[PDB]
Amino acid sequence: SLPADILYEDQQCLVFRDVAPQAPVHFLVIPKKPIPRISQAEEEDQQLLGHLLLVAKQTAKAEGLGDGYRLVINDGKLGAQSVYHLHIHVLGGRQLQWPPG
């Protein structure tokens, strides 16, 4: 993993490639505020959460995902959350299946 694997950074968030990718494009959007899980976000996080989704879709465009993609947020053990910090997964570059896990 190299510095260029950070695709985007601002005062609110970091975007970086997943080193265990599940699709030809697979990156991760995280807040800099250490919200551990989406179930523990609060009303004060409204604007931040909206920003994370906008950054996810902006980065998807930058990564050439013009034919579609999937955003995923995992909560807790049943969601298969792998790190207790909020992550938005963005997957693209192949046909995504249904159900989504």
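Start at 1 and count along the sequence shown; that's the residue number.
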item: Stretch with the higher entry mean CA B-factor, where the candidates are 45 to 53 and 58 to 66; value: 58 to 66
item: Residue range whose averaged C-alpha B-factor is higher in the record, 83 to 91 or 7 to 15; value: 7 to 15
item: Entry-reported Cα temperature factor of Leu78, expressed as the chain third it lands in; value: lowest
item: Assigned third (lowest, middle, highest) for the C-alpha B factor of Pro31; value: lowest
